[PDB]
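Asks: Please read through the structure below; I'll follow up with questions.
None of the figures in this text is laboratory data; all of them are computed from the coordinates on show. When we count neighbours, we look across all protein chains shown, and the Cβ atoms used for this are built from the backbone with ideal geometry, even at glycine.
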Amino acid sequence: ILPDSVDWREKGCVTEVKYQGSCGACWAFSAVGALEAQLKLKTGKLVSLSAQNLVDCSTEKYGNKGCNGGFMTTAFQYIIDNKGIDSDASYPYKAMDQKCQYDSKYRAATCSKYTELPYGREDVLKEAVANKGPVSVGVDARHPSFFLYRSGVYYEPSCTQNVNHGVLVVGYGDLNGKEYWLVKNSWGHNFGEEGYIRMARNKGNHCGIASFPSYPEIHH
Amino acid sequence: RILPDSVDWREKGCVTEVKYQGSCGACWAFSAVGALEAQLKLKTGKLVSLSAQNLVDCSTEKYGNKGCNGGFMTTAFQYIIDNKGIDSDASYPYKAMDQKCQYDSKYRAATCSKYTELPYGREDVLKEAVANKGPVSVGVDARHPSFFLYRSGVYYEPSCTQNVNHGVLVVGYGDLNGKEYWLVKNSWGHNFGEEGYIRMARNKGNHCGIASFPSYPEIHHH
Ligand SMILES: CNC(=O)CCS(=O)(=O)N1CCN(c2ccc3nncn3n2)CC1
Ligand SMILES: CNC(=O)CCS(=O)(=O)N1CCN(c2ccc3nncn3n2)CC1
């Protein structure tokens, strides 16, 4: 039986909200956010990981275009193949495409594998969030309502399953019986609920939130 | 590692005739039914072309697909799961255009119980899956002039990228004159390449993104 509500912030597995700026690196923030929780579960250390390392190094060979978009799964595969990702501290975020400056001397995390959840299954996503950790997802954020969101459970009638924005599901619950996904965004601490959006849950895969979920894992 | 050096699923009667998608970007749909066709043959002993048009018309907005304007092999598989079936090509023929969903369970020729996405860019994992499970849905970069003009041998395009735009089916692998290849069934009719097939470079750094996004469906016992 799954818990009615989950929040990975209460378990000390979620870093401060970041600000992607004018660089379309949401995919990179989504991927490091998921791995940050698994690093905390593995080492007891909460460490922001380097989104810039993914933008600069997980490039053409991973089907990624840095500030012009990419994939959380191919980010995870890069971390696998690369045998690490640097700390945000050692490889900070500049909101630009740069030459790969990865250095193994600044490795903060590894990744052994990743798992893609089945298309559109909100019950499978609930299990994964309860049982495994925060989950990288794509949502359709290409509606003005997403940008103007301030508080409560987000529902956009024009929302589609054509997802274009990488974010991190860090929990779920209900607001007076209105069910939501708790979503960490990468638009800084002033966006929505101090960087978070509660997106309608069990509403026919609303904005494609359960379209393409994935989570990484660390060996041991 | 421990796989056969060559595979060709046409030797097992698991591959249908090459199809012609025409002026409709339904390669995703052809890729998906092609993979499921092999699994249907392995399960029931019968080779039956399945309805790419059924996917175009029915596996739509909900599945992140745009019919003649592109889609995904995985969300196609998910549609066949959710729908509990896919009609035969014969009952629901291909028109190279977007139509209203006309799926009818009276003409169901296959089901799907699950699908599997392979890890990004791992040609050894793709080899195992092709040997051990059957044909595999993949995306390739088919944007380069050289691809349209391919006639024979092993295709290697230095300008190829991992930006894939075209859904096709890996039906085998091997080596020709000291070049390792993937055997790829295309959906541009039998005038294209080797009666509708292209041999694409294998173990050449994930050439044209062939191993970028592989997937295969399965059919369970009940
Ligand atoms: C600039 N914006 C971005 O970089 C965001 C990209 S995203 O989060 O919107 N999303 C990532 C995952 N993706 C798929 C697609 C098919 C699939 N089949 N299996 C997995 N996937 N993943 C779709 C796009
Ligand atoms: C008109 N053209 C088409 O319809 C062809 C589309 S495709 O075959 O080129 N290809 C399908 C698989 N797709 C992904 C992407 C991300 C991902 N992450 N995980 C799995 N995927 N799969 C990429 C696109």
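Asks: Do we have A:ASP97 as more than 16 Å from ligand 1 (Cβ to nearest atom) and among the acidic types (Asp, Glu) here?
Replies: For A:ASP97, the condition - more than 16 Å from ligand 1 (Cβ to nearest atom) and among the acidic types (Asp, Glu) - is not met.
Asks: Another question, then. Report every pair of residues separated by at least 6 positions or lying on different chains whose Cβ atoms are under 7 Å apart, first residue within region B:200-214 and more than 14 Å from chain A (Cβ to nearest Cβ) and within 18 Å of B:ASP5 (Cβ to Cβ), second part of a loop (DSSP other than H, G, I, E, B) and not polar (S, T, N, Q).
Replies: Listed by first residue and then by second, the contacts come to B:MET200/B:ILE210; B:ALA201/B:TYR156.
Asks: Sticking with this structure for a sec: What are the residues in region B:27-60 that are more than 16 Å from ligand 1 (Cβ to nearest atom), touching a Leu at 6+ places or on another chain (Cβ under 8 Å) and either within 14 Å of chain A (Cβ to nearest Cβ) or not acidic (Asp, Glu) (or both), if any?
Replies: Residues satisfying the conditions are B:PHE30, B:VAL33, B:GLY34, B:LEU36, B:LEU40, B:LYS41, B:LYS46, B:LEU47, B:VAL48, B:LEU50.
Asks: Being touching a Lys or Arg at 6+ places or on another chain (Cβ under 7 Å) and crowded, with 16+ Cβ neighbours inside 10 Å: is that true of B:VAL7 here?
Replies: No; evaluated as a whole, the condition is false for this residue.
Asks: Tell me, please, whether a residue that is within 16 Å of ligand 2 (Cβ to nearest atom), assigned to a helix (DSSP H, G or I) and surrounded by fewer than 24 Cβ atoms within 10 Å (Cβ to Cβ) can be found in region A:47-60.
Replies: Checked region A:47-60: at least one residue is within 16 Å of ligand 2 (Cβ to nearest atom), assigned to a helix (DSSP H, G or I) and surrounded by fewer than 24 Cβ atoms within 10 Å (Cβ to Cβ).
Asks: In region A:180-199, what residues are part of a strand (DSSP E or B), in contact with a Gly (Cβ under 8 Å, 6 or more places away or on another chain) and either within 20 Å of A:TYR119 (Cβ to Cβ) or among the polar types (S, T, N, Q) (or both)?
Replies: Listed by number, the list holds a single entry, A:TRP181.
Asks: Now for a separate question. From the list A:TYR119, A:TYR114, A:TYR78, pick out the single residue that is within 16 Å of ligand 2 (Cβ to nearest atom) and more than 19 Å from A:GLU36 (Cα to Cα).
Replies: The conditions single out A:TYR119.
Asks: Does A:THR15 qualify as being hydroxyl-bearing (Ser, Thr, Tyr) and out of contact with any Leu (no Cβ under 7 Å at 6 or more places or on another chain)?
Replies: Judged against the criteria, A:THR15 is not a match.
Asks: Quick one: how many residues across region B:200-215 are part of a strand (DSSP E or B) and surrounded by 24 or more Cβ atoms within 10 Å (Cβ to Cβ)?
Replies: Qualifying residue count for the region: 1.
Asks: Among the listed residues A:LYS178, A:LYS184, identify the single one that is among the basic types (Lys, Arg), more than 14 Å from every other protein chain (Cβ to nearest Cβ), within 16 Å of ligand 1 (Cβ to nearest atom) and in contact (Cβ under 8 Å) with a residue 12 or more places away in the chain.
Replies: A:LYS184
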